[PDB]
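*Asks:* target-v1.txt is reproduced below (compact mmCIF, N, CA and C atoms).
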```txt
# COMPACT_ATOMS: atom_id res chain seq x y z
N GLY T 1 -65.85 -5.78 23.67
CA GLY T 1 -66.61 -5.06 22.60
C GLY T 1 -68.05 -4.85 23.06
N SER T 2 -68.56 -5.78 23.86
CA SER T 2 -69.93 -5.69 24.36
C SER T 2 -70.04 -4.60 25.41
N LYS T 3 -71.21 -3.98 25.50
CA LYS T 3 -71.43 -2.92 26.48
C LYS T 3 -70.46 -1.77 26.25
N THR T 4 -70.42 -1.28 25.01
CA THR T 4 -69.53 -0.17 24.68
C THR T 4 -70.32 0.97 24.04
N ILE T 5 -70.14 2.17 24.57
CA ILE T 5 -70.84 3.34 24.05
C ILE T 5 -69.84 4.42 23.63
N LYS T 6 -70.01 4.93 22.42
CA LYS T 6 -69.12 5.97 21.91
C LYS T 6 -67.67 5.52 22.00
N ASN T 7 -66.97 5.58 20.87
CA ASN T 7 -65.57 5.16 20.82
C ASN T 7 -64.66 6.38 20.92
N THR T 8 -63.65 6.29 21.79
CA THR T 8 -62.71 7.39 21.97
C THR T 8 -61.86 7.58 20.72
N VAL T 9 -61.67 8.84 20.34
CA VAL T 9 -60.87 9.15 19.16
C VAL T 9 -59.66 10.00 19.53
N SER T 10 -58.49 9.59 19.07
CA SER T 10 -57.26 10.32 19.36
C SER T 10 -57.12 11.52 18.43
N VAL T 11 -56.37 12.52 18.88
CA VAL T 11 -56.16 13.72 18.08
C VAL T 11 -55.13 13.45 16.98
N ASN T 12 -55.15 14.28 15.94
CA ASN T 12 -54.22 14.13 14.83
C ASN T 12 -52.78 14.24 15.32
N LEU T 13 -51.89 13.49 14.69
CA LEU T 13 -50.48 13.52 15.07
C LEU T 13 -49.80 14.78 14.56
N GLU T 14 -49.04 14.63 13.49
CA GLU T 14 -48.33 15.77 12.91
C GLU T 14 -48.91 16.11 11.55
N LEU T 15 -48.97 17.40 11.24
CA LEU T 15 -49.49 17.84 9.96
C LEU T 15 -48.46 17.55 8.87
N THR T 16 -48.93 17.22 7.68
CA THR T 16 -48.04 16.90 6.58
C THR T 16 -47.28 18.15 6.12
N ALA T 17 -45.99 17.99 5.85
CA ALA T 17 -45.18 19.11 5.39
C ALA T 17 -45.65 19.56 4.01
N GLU T 18 -46.58 18.82 3.42
CA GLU T 18 -47.09 19.18 2.11
C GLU T 18 -47.66 20.59 2.19
N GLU T 19 -48.42 20.83 3.25
CA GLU T 19 -49.02 22.13 3.47
C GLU T 19 -47.97 23.12 3.97
N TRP T 20 -47.09 22.65 4.84
CA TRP T 20 -46.06 23.52 5.37
C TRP T 20 -45.12 23.95 4.25
N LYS T 21 -44.86 23.05 3.31
CA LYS T 21 -43.96 23.34 2.20
C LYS T 21 -44.53 24.43 1.30
N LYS T 22 -45.81 24.31 0.95
CA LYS T 22 -46.45 25.30 0.10
C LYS T 22 -46.50 26.66 0.78
N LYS T 23 -46.94 26.68 2.03
CA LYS T 23 -47.03 27.93 2.77
C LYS T 23 -45.66 28.55 2.95
N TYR T 24 -44.68 27.73 3.30
CA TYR T 24 -43.32 28.21 3.48
C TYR T 24 -42.77 28.75 2.17
N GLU T 25 -42.99 28.00 1.09
CA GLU T 25 -42.49 28.40 -0.21
C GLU T 25 -42.92 29.82 -0.54
N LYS T 26 -44.23 30.04 -0.54
CA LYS T 26 -44.76 31.37 -0.82
C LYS T 26 -44.33 32.34 0.28
N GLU T 27 -44.27 31.83 1.51
CA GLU T 27 -43.88 32.65 2.65
C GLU T 27 -42.51 33.28 2.42
N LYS T 28 -41.56 32.48 1.97
CA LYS T 28 -40.22 32.97 1.72
C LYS T 28 -40.24 34.08 0.68
N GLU T 29 -41.13 33.95 -0.29
CA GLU T 29 -41.23 34.96 -1.34
C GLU T 29 -41.63 36.31 -0.76
N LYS T 30 -42.59 36.30 0.16
CA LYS T 30 -43.05 37.55 0.76
C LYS T 30 -41.93 38.25 1.52
N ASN T 31 -41.27 37.52 2.40
CA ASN T 31 -40.17 38.07 3.17
C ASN T 31 -39.01 38.46 2.26
N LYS T 32 -38.75 37.62 1.26
CA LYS T 32 -37.67 37.88 0.32
C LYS T 32 -37.92 39.19 -0.41
N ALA T 33 -39.15 39.37 -0.88
CA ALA T 33 -39.52 40.59 -1.58
C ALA T 33 -39.44 41.78 -0.64
N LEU T 34 -39.88 41.56 0.60
CA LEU T 34 -39.84 42.63 1.60
C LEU T 34 -38.40 43.00 1.91
N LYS T 35 -37.53 42.01 1.97
CA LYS T 35 -36.13 42.27 2.25
C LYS T 35 -35.56 43.22 1.21
N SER T 36 -35.83 42.92 -0.05
CA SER T 36 -35.36 43.76 -1.15
C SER T 36 -35.90 45.18 -1.00
N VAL T 37 -37.12 45.28 -0.48
CA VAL T 37 -37.75 46.59 -0.28
C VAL T 37 -37.00 47.37 0.78
N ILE T 38 -36.58 46.68 1.82
CA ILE T 38 -35.86 47.32 2.91
C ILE T 38 -34.62 47.99 2.37
N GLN T 39 -33.88 47.23 1.59
CA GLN T 39 -32.67 47.74 0.98
C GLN T 39 -33.03 48.80 -0.04
N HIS T 40 -34.19 48.63 -0.67
CA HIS T 40 -34.65 49.58 -1.67
C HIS T 40 -34.89 50.94 -1.04
N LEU T 41 -35.70 50.96 0.01
CA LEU T 41 -36.01 52.22 0.69
C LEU T 41 -34.75 52.82 1.31
N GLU T 42 -33.92 51.98 1.91
CA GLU T 42 -32.69 52.46 2.52
C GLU T 42 -31.78 53.04 1.45
N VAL T 43 -31.82 52.43 0.27
CA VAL T 43 -31.03 52.91 -0.85
C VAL T 43 -31.50 54.30 -1.25
N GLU T 44 -32.81 54.47 -1.28
CA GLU T 44 -33.40 55.74 -1.65
C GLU T 44 -32.69 56.90 -0.96
N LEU T 45 -32.62 56.87 0.37
CA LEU T 45 -31.97 57.96 1.10
C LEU T 45 -30.49 58.06 0.72
N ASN T 46 -29.85 56.91 0.57
CA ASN T 46 -28.44 56.88 0.24
C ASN T 46 -28.14 57.52 -1.11
N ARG T 47 -28.99 57.27 -2.10
CA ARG T 47 -28.77 57.81 -3.44
C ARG T 47 -29.34 59.22 -3.58
N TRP T 48 -30.40 59.51 -2.85
CA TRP T 48 -31.04 60.82 -2.91
C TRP T 48 -30.33 61.81 -1.99
N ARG T 49 -29.56 61.31 -1.04
CA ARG T 49 -28.83 62.20 -0.14
C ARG T 49 -27.87 63.08 -0.93
N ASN T 50 -27.13 62.47 -1.85
CA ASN T 50 -26.19 63.21 -2.67
C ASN T 50 -26.72 63.37 -4.09
N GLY T 51 -27.95 62.91 -4.32
CA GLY T 51 -28.55 63.01 -5.64
C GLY T 51 -27.71 62.27 -6.68
N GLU T 52 -27.11 61.16 -6.26
CA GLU T 52 -26.27 60.38 -7.15
C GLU T 52 -27.03 60.01 -8.43
N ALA T 53 -26.38 60.17 -9.57
CA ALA T 53 -27.00 59.85 -10.85
C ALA T 53 -27.04 58.34 -11.07
N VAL T 54 -28.03 57.87 -11.82
CA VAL T 54 -28.16 56.45 -12.10
C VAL T 54 -28.51 55.69 -10.82
N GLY I 1 -28.19 -11.68 -1.42
CA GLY I 1 -27.55 -11.13 -0.19
C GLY I 1 -26.08 -11.54 -0.15
N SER I 2 -25.79 -12.71 -0.70
CA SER I 2 -24.42 -13.22 -0.72
C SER I 2 -23.57 -12.43 -1.72
N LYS I 3 -22.28 -12.32 -1.43
CA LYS I 3 -21.38 -11.59 -2.32
C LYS I 3 -21.82 -10.14 -2.46
N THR I 4 -22.02 -9.47 -1.33
CA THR I 4 -22.44 -8.08 -1.35
C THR I 4 -21.48 -7.22 -0.52
N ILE I 5 -21.00 -6.14 -1.13
CA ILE I 5 -20.07 -5.24 -0.45
C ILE I 5 -20.62 -3.82 -0.42
N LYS I 6 -20.63 -3.21 0.76
CA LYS I 6 -21.13 -1.85 0.90
C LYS I 6 -22.54 -1.74 0.36
N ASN I 7 -23.46 -1.25 1.19
CA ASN I 7 -24.85 -1.10 0.78
C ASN I 7 -25.12 0.33 0.34
N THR I 8 -25.78 0.48 -0.81
CA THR I 8 -26.10 1.80 -1.33
C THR I 8 -27.12 2.50 -0.44
N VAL I 9 -26.90 3.79 -0.19
CA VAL I 9 -27.80 4.56 0.65
C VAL I 9 -28.40 5.72 -0.14
N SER I 10 -29.72 5.86 -0.08
CA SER I 10 -30.40 6.93 -0.78
C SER I 10 -30.32 8.23 0.00
N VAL I 11 -30.43 9.35 -0.70
CA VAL I 11 -30.37 10.66 -0.06
C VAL I 11 -31.69 10.97 0.64
N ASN I 12 -31.64 11.90 1.59
CA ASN I 12 -32.83 12.28 2.34
C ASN I 12 -33.89 12.84 1.39
N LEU I 13 -35.15 12.59 1.72
CA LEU I 13 -36.25 13.06 0.89
C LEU I 13 -36.48 14.55 1.10
N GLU I 14 -37.51 14.88 1.86
CA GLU I 14 -37.84 16.27 2.13
C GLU I 14 -37.59 16.60 3.60
N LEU I 15 -37.11 17.81 3.86
CA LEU I 15 -36.86 18.22 5.23
C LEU I 15 -38.18 18.52 5.91
N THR I 16 -38.25 18.23 7.21
CA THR I 16 -39.48 18.46 7.96
C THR I 16 -39.77 19.95 8.10
N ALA I 17 -41.03 20.33 7.93
CA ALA I 17 -41.41 21.73 8.05
C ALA I 17 -41.23 22.19 9.49
N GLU I 18 -40.89 21.27 10.38
CA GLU I 18 -40.69 21.63 11.78
C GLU I 18 -39.60 22.69 11.84
N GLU I 19 -38.53 22.46 11.09
CA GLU I 19 -37.42 23.39 11.03
C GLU I 19 -37.79 24.60 10.18
N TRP I 20 -38.48 24.35 9.08
CA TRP I 20 -38.88 25.44 8.21
C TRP I 20 -39.85 26.37 8.93
N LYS I 21 -40.71 25.79 9.77
CA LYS I 21 -41.70 26.58 10.50
C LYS I 21 -41.02 27.51 11.50
N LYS I 22 -40.07 26.98 12.26
CA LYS I 22 -39.36 27.79 13.24
C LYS I 22 -38.56 28.91 12.57
N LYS I 23 -37.82 28.55 11.54
CA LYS I 23 -37.01 29.54 10.82
C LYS I 23 -37.90 30.59 10.18
N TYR I 24 -38.98 30.14 9.56
CA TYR I 24 -39.91 31.05 8.91
C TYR I 24 -40.56 31.97 9.95
N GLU I 25 -40.98 31.38 11.06
CA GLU I 25 -41.64 32.14 12.11
C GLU I 25 -40.78 33.33 12.52
N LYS I 26 -39.56 33.06 12.94
CA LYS I 26 -38.65 34.12 13.33
C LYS I 26 -38.31 34.98 12.12
N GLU I 27 -38.21 34.34 10.96
CA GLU I 27 -37.88 35.05 9.73
C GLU I 27 -38.88 36.16 9.46
N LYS I 28 -40.16 35.85 9.60
CA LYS I 28 -41.20 36.85 9.37
C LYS I 28 -41.04 38.02 10.32
N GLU I 29 -40.60 37.74 11.54
CA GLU I 29 -40.41 38.79 12.52
C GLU I 29 -39.35 39.78 12.06
N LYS I 30 -38.25 39.27 11.51
CA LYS I 30 -37.17 40.14 11.05
C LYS I 30 -37.65 41.07 9.95
N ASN I 31 -38.26 40.50 8.92
CA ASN I 31 -38.77 41.29 7.81
C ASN I 31 -39.88 42.22 8.27
N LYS I 32 -40.73 41.71 9.16
CA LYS I 32 -41.84 42.51 9.67
C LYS I 32 -41.31 43.73 10.40
N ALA I 33 -40.30 43.51 11.24
CA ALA I 33 -39.70 44.61 11.98
C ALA I 33 -39.01 45.57 11.02
N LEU I 34 -38.36 45.01 10.02
CA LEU I 34 -37.67 45.83 9.02
C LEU I 34 -38.68 46.66 8.24
N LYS I 35 -39.82 46.06 7.93
CA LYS I 35 -40.85 46.77 7.19
C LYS I 35 -41.25 48.02 7.95
N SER I 36 -41.51 47.86 9.23
CA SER I 36 -41.90 48.98 10.08
C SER I 36 -40.82 50.05 10.07
N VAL I 37 -39.56 49.61 9.99
CA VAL I 37 -38.44 50.54 9.96
C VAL I 37 -38.46 51.36 8.68
N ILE I 38 -38.80 50.71 7.58
CA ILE I 38 -38.85 51.38 6.30
C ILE I 38 -39.81 52.54 6.37
N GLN I 39 -40.99 52.25 6.89
CA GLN I 39 -42.01 53.26 7.04
C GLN I 39 -41.57 54.27 8.08
N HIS I 40 -40.82 53.78 9.07
CA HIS I 40 -40.33 54.65 10.13
C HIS I 40 -39.38 55.70 9.57
N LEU I 41 -38.36 55.25 8.85
CA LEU I 41 -37.39 56.17 8.26
C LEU I 41 -38.06 57.08 7.24
N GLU I 42 -38.95 56.52 6.42
CA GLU I 42 -39.65 57.32 5.42
C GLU I 42 -40.51 58.36 6.12
N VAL I 43 -41.06 57.98 7.26
CA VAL I 43 -41.89 58.89 8.04
C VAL I 43 -41.04 60.06 8.52
N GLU I 44 -39.83 59.73 8.98
CA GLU I 44 -38.92 60.74 9.48
C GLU I 44 -38.86 61.95 8.55
N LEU I 45 -38.55 61.73 7.28
CA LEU I 45 -38.47 62.85 6.34
C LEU I 45 -39.81 63.54 6.20
N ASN I 46 -40.88 62.76 6.16
CA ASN I 46 -42.22 63.31 6.01
C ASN I 46 -42.61 64.23 7.16
N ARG I 47 -42.26 63.84 8.38
CA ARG I 47 -42.62 64.64 9.55
C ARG I 47 -41.60 65.74 9.82
N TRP I 48 -40.35 65.49 9.48
CA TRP I 48 -39.29 66.46 9.71
C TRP I 48 -39.23 67.49 8.57
N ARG I 49 -39.83 67.15 7.43
CA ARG I 49 -39.84 68.09 6.31
C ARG I 49 -40.55 69.38 6.70
N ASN I 50 -41.70 69.24 7.35
CA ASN I 50 -42.46 70.41 7.78
C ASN I 50 -42.35 70.59 9.29
N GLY I 51 -41.54 69.75 9.93
CA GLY I 51 -41.36 69.84 11.37
C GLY I 51 -42.69 69.65 12.09
N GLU I 52 -43.53 68.78 11.54
CA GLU I 52 -44.84 68.52 12.13
C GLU I 52 -44.69 68.12 13.60
N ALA I 53 -45.53 68.69 14.46
CA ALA I 53 -45.49 68.37 15.88
C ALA I 53 -46.13 67.02 16.15
N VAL I 54 -45.68 66.35 17.20
CA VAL I 54 -46.22 65.04 17.56
C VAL I 54 -45.85 64.01 16.50
```
The structure in this file should be written as structure tokens.

*Replies:*
Amino acid sequence: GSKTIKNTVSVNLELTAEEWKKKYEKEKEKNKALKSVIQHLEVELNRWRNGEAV
Amino acid sequence: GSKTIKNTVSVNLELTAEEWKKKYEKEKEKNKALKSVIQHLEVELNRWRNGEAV
């Protein structure tokens, strides 16, 4: 302990999934909503191609 | 401890974001690429409607 200057500090281990869970949770919503959009836009051409009613 | 048969086991808590991160990472790529496609196909009609050059 004697004759010691500045103590070495180790880097953080693993980040808590608490943050990963929240980000992922909302993250899935974005992609999920986007997925529906993909089908939505693709549907547009499919229904507008023949002008299908409803 | 005496007179004990079969030990009760609790269910897993929360899954590690390690797996959620990898799946989400690639997941975003799929939706991201699909998003570009949506605009791509929608662009098609927009540019082909007037036969815009380039």

*Asks:* Near residue I:35, within 8 Å and counting only N, CA and C atoms, which residues show up once chain neighbours fewer than 4 positions away are dropped, as number ranges by chain?

*Replies:* T: 34-35, 37-38; I: 29-31, 39-41

*Asks:* Using DSSP assignments from the backbone, pull out every residue in stretch 5-52 of chain T that falls under alpha helix (DSSP H) and give it to me as a VMD selection string.

*Replies:* chain T and resid 17 to 49

*Asks:* Within 8 Å of (-41.8, 28.3, 7.9) in the file's own coordinates, which protein, DNA or RNA residues have an atom, counting only N, CA and C atoms? List them as a short mmCIF file (atom, residue, chain, number, x, y, z; two decimals) with N, CA and C atoms, keeping the file's coordinate frame.

*Replies:*
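That gives us result.cif:
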```cif
data_model
loop_
_atom_site.label_atom_id
_atom_site.label_comp_id
_atom_site.auth_asym_id
_atom_site.auth_seq_id
_atom_site.Cartn_x
_atom_site.Cartn_y
_atom_site.Cartn_z
N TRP T 20 -47.09 22.65 4.84
CA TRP T 20 -46.06 23.52 5.37
C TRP T 20 -45.12 23.95 4.25
N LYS T 21 -44.86 23.05 3.31
CA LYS T 21 -43.96 23.34 2.20
C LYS T 21 -44.53 24.43 1.30
N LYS T 23 -46.94 26.68 2.03
CA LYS T 23 -47.03 27.93 2.77
C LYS T 23 -45.66 28.55 2.95
N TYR T 24 -44.68 27.73 3.30
CA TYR T 24 -43.32 28.21 3.48
C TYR T 24 -42.77 28.75 2.17
N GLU T 25 -42.99 28.00 1.09
CA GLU T 25 -42.49 28.40 -0.21
C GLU T 25 -42.92 29.82 -0.54
N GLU T 27 -44.27 31.83 1.51
CA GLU T 27 -43.88 32.65 2.65
C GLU T 27 -42.51 33.28 2.42
N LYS T 28 -41.56 32.48 1.97
CA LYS T 28 -40.22 32.97 1.72
C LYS T 28 -40.24 34.08 0.68
N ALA I 17 -41.03 20.33 7.93
CA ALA I 17 -41.41 21.73 8.05
C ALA I 17 -41.23 22.19 9.49
N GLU I 18 -40.89 21.27 10.38
CA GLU I 18 -40.69 21.63 11.78
C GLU I 18 -39.60 22.69 11.84
N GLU I 19 -38.53 22.46 11.09
CA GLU I 19 -37.42 23.39 11.03
C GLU I 19 -37.79 24.60 10.18
N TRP I 20 -38.48 24.35 9.08
CA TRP I 20 -38.88 25.44 8.21
C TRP I 20 -39.85 26.37 8.93
N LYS I 21 -40.71 25.79 9.77
CA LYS I 21 -41.70 26.58 10.50
C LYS I 21 -41.02 27.51 11.50
N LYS I 22 -40.07 26.98 12.26
CA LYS I 22 -39.36 27.79 13.24
C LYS I 22 -38.56 28.91 12.57
N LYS I 23 -37.82 28.55 11.54
CA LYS I 23 -37.01 29.54 10.82
C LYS I 23 -37.90 30.59 10.18
N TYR I 24 -38.98 30.14 9.56
CA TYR I 24 -39.91 31.05 8.91
C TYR I 24 -40.56 31.97 9.95
N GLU I 25 -40.98 31.38 11.06
CA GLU I 25 -41.64 32.14 12.11
C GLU I 25 -40.78 33.33 12.52
N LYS I 26 -39.56 33.06 12.94
CA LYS I 26 -38.65 34.12 13.33
C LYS I 26 -38.31 34.98 12.12
N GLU I 27 -38.21 34.34 10.96
CA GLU I 27 -37.88 35.05 9.73
C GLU I 27 -38.88 36.16 9.46
N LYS I 28 -40.16 35.85 9.60
CA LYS I 28 -41.20 36.85 9.37
C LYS I 28 -41.04 38.02 10.32
#
```

*Asks:* Could you check the closest approach to chain T for each of I:32, I:52, I:5, I:47 and tell me which residue wins, using only C-alpha atoms?

*Replies:* I:32

*Asks:* Work out how far apart atom CA of residue T:15 and atom CA of residue I:16 are and give it in Å to one decimal.

*Replies:* 10.2 Å

*Asks:* Report the distance between atom CA of residue T:44 and atom N of residue I:42 in Å, rounded to one decimal place.

*Replies:* 9.8 Å

*Asks:* Output, as JSON, the centre and edge lengths in Å (one decimal) of the axis-aligned box that contains all listed atoms of stretch 19-36 of chain I with 3 Å of margin on each side.

*Replies:*
```
{"center_x": -39.5, "center_y": 36.3, "center_z": 10.3, "size_x": 10.9, "size_y": 33.6, "size_z": 12.1}
```
